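A.B. asks: Quick one: the structure is below, questions incoming.
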Amino acid sequence: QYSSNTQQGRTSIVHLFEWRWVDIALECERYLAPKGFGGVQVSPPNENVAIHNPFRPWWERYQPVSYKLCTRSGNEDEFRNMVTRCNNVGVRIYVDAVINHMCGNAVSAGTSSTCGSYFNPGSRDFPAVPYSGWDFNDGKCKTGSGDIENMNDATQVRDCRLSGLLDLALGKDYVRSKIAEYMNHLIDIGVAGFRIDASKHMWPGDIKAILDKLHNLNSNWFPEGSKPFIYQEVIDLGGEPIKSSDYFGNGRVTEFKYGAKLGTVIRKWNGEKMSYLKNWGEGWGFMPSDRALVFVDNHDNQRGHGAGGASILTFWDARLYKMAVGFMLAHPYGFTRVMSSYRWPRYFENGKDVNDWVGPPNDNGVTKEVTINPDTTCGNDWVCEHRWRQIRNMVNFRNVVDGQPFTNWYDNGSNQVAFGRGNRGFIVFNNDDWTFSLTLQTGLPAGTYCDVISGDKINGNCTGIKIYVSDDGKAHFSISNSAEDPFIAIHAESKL
Ligand SMILES: [Ca+2]
Ligand SMILES: [Cl-]
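Residue 315 in mature numbering (1 follows the signal peptide of the UniProt record, and there is no 0) sits at position 315 of the sequence shown, and the numbers go up by one each step.
Below, the structure written as structure tokens:
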């Protein structure tokens, strides 16, 4: 469950948040494959409640109605078409598995659902599965409300309703079997793994019992005996009874400490600075590198949901965001996930975004296609961070330097730092309020290299900055503190 099942030479996943299946399919062929992306995390592909107050929020997709593959992203044929076309160009699909719960206990009964399936939350009736009152934790939960009230009590965190979400009885073989049925449907279609939603709210042993029922990966695209990549959403910032390590038996775990700390560092908050990043990883109290799923932001915290945090960097803070993403993709710690977002009309009232609910760009509820502008950015309010040159090129940097040791570290004791990845890549950051001008040991073979942050290599030359590495491995770097992108990155494939 620990292996990503990506192609050799591809090393990141991109979250194409709320994208339609037909658009992801095209994106795999036209962009993700030729740019060396490892795979795509998709939004939950199972049928959910259609919530009209507020108007079709992104979070409706975290309220299941059935396991029919029928959502605003598309239907089953569209989903299957996407997985096939992506696998055929060597780009994997990872499904956001919403398996802790069905929908909110106060949602009205009826057919207000993405495939029109009937459901009755009040009577715990989900006939499209089917689930009944017998399949929920109502009798197991010990709280007065029936909801989670106290996260210091690990039992209620697992057995009670997360914010009123009907809590599936995952201790029951029947429930485990219906969930495995859904996950096996997806595996056989050709998915490579799963982001396990709300993993903290499930017993590690119940997750184990479900994973025991899972097939090996589709044997047309994957070597015999391949296991689904599992990464579990567990928010563990310390000081709680439940720990990320409790989930290591099932797969990788999201390291939410990563983005929280990196955001603080890059913002230069809390007395933190880039020179402190020399021992980034377990040295900062993080989980083992071989278990961490890392990211700067995710779909929750980029809008103040989840554990939120003021320090989180997002596309809204584009300059600092590119630096944080660049550092993450250059550094060997963890398995990397790049966020890809949509714009929404952010509006702050008494500290919070009152539009943090807004779903994807839509025409009266119908998700808008991703249009591609002539400059390769996206239209229709899709942000497409993964298409930003500075991020896309760092995704390839990580591929090129895969397996190479963290080496040749430099810092000025403040916010001017640099490091190499063996003899394959070198990166330089200036986050101080003065110019960084210095000759540094790069560890690289002598030659002329395109800076992949300011430009591209296009057979024979560079469209941005050129760096000249002398016979002894040294090169001069000049970065103004006023630079739009105050970092430079070079690697073996950017050499002329
Ligand atoms: Ca639960
Ligand atoms: Cl996540």
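For every residue, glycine included, the Cβ atom is placed at its ideal position computed from N, Cα and C.
Closer than 7 Å to a non-hydrogen atom of ligand 2 - does that hold for the CB of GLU233?
C.D. replies: Yes; taking the cut-off as 7 Å, the Cβ of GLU233 has a heavy atom of ligand 2 nearer than that.
A.B. asks: For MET151, count neighbouring Cβ atoms within 10 angstroms of its own Cβ and tell me buried if that reaches 16, exposed if not.
C.D. replies: Only exposed fits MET151, as fewer than 16 other CB atoms lie within 10 angstroms of its CB.
A.B. asks: Quick check on the burial criterion: 16 or more other C-beta atoms within 10 angstroms. Buried or exposed for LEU496?
C.D. replies: Exposed, by the Cβ-count rule.
A.B. asks: Hey, would you say the C-beta of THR314 is under 7 Å away from at least one heavy atom of ligand 2?
C.D. replies: Answer for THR314: no, Cβ out of range of ligand 2.
A.B. asks: CA-CA distance, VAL265 and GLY36?
C.D. replies: 29 Å
A.B. asks: At a threshold of 7 Å, does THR336 count as lining ligand 2 (C-beta to nearest heavy atom)?
C.D. replies: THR336 Cβ: outside cutoff for every heavy atom of ligand 2.
A.B. asks: Taking C-alpha atoms, which residue in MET339, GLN41, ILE179 lies nearest to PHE229?
C.D. replies: The shortest Cα separation from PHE229 among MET339, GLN41, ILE179 belongs to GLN41.
A.B. asks: With distances taken between CB atoms, is the gap from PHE79 to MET102 smaller than 8 Å?
C.D. replies: no
A.B. asks: Taking 8 Å as the threshold (C-beta atoms), are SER311 and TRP269 in contact?
C.D. replies: yes
A.B. asks: Between which two residues does the beta strand (DSSP E) containing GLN63 stretch?
C.D. replies: Here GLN63 belongs to no beta strand (DSSP E), and DSSP marks it neither H nor E.
A.B. asks: Please confirm whether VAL191 and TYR118 have their CB atoms less than 8 Å apart.
C.D. replies: no
A.B. asks: Which residue or residues does DSSP assign as beta-bridge partners of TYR468?
C.D. replies: Answer by DSSP bridge pairing, in chain order: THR448.
A.B. asks: Would you say the beta carbon of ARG158 comes nearer than 7 Å to a heavy atom of ligand 1?
C.D. replies: Correct: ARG158 has its Cβ closer than 7 Å to ligand 1.
A.B. asks: If you compare alpha carbons, which of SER163, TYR131, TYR247, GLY133 is closest to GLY146?
C.D. replies: Answer by Cα proximity: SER163.
A.B. asks: At a cut-off of 7 Å, would you count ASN100 as near ligand 2, judging by its Cβ distance to the nearest heavy atom?
C.D. replies: Flag unset: Cβ of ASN100 not near ligand 2.
A.B. asks: Pick from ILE467, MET287, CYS115, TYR468: whose alpha carbon is nearest that of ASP236?
C.D. replies: Nearest of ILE467, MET287, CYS115, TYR468 to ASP236, Cα basis: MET287.
A.B. asks: I want to check one thing, is the minimum distance from the CB of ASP138 to the heavy atoms of ligand 1 below 7 Å?
C.D. replies: no
A.B. asks: Rounded to the nearest angstrom, what separates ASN301 and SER132 at their Cα positions?
C.D. replies: 33 Å
A.B. asks: Taking its Cβ as the centre, do 16 or more other Cβ atoms sit within 10 Å of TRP382, making it buried, or is it exposed?
C.D. replies: buried
A.B. asks: Look at the alpha carbon of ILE467 and the alpha carbon of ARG319, and state the distance between them as a whole number of angstroms.
C.D. replies: So the alpha carbons of these two residues sit roughly 22 Å apart.
A.B. asks: Roughly how many whole angstroms lie between the Cα atoms of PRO445 and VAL469?
C.D. replies: 7 Å
A.B. asks: Taking all protein chains shown into account, do 16 or more other C-beta atoms lie within 10 angstroms of the C-beta of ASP297, making it buried, or fewer, making it exposed?
C.D. replies: buried
A.B. asks: Count the other C-beta atoms from every protein chain shown that fall within 10 angstroms of the C-beta of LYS322, then say buried if there are 16 or more, exposed otherwise.
C.D. replies: buried
A.B. asks: Assuming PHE256 is part of the alpha helix (DSSP H), what are its boundary residues?
C.D. replies: That run of the alpha helix (DSSP H) goes 256-267.
A.B. asks: Would you kindly work out how many angstroms separate the C-alpha atoms of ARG56 and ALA50, rounded to a whole number?
C.D. replies: 7 Å
A.B. asks: Short of 8 Å in beta carbon distance, which residues of its chain neighbour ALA330, apart from the five on each side in sequence? Order them along the chain.
C.D. replies: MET394, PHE397, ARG398, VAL401, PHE419, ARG421, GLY425, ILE427, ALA489
A.B. asks: Tell me whether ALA106 is buried or exposed, calling it buried when 16 or more other Cβ atoms sit within 10 Å of its Cβ.
C.D. replies: exposed
A.B. asks: Check whether the Cβ atoms of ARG124 and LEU166 sit closer than 8 Å, and answer yes or no.
C.D. replies: yes
A.B. asks: With distances taken from CA atoms, which of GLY464, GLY281, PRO45 is nearest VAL83?
C.D. replies: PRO45
A.B. asks: Please give the ranges of any alpha helix (DSSP H) in the region 292-331, keeping only runs that are unbroken, at least 4 residues long and fully inside the region.
C.D. replies: 318-330
A.B. asks: Excluding the 5 residues flanking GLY104 on each side, which residues of the same chain have their C-beta closer than 8 Å to its C-beta?
C.D. replies: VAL49, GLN63, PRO121, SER163, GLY164, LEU165, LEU166
A.B. asks: Three or more C-beta pairs closer than 8 Å, one from the region 333-345 and one from the region 280-294: is that the case here?
C.D. replies: yes
A.B. asks: Here's the rule I'm using: 16 or more other beta-carbon atoms within 10 Å means buried, otherwise exposed. How should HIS52 be labelled?
C.D. replies: exposed
A.B. asks: Measure the C-alpha to C-alpha separation of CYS86 and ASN137 and round it to an integer number of angstroms.
C.D. replies: Using only the alpha carbons, I get a separation of about 38 Å.
A.B. asks: Do you know offhand how far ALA33's Cα is from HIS491's?
C.D. replies: In this model, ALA33 and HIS491 are separated by some 20 Å (Cα to Cα).
A.B. asks: Indicate, with yes or no, if ligand 2 has a heavy atom lying under 7 Å from the CB of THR254.
C.D. replies: yes
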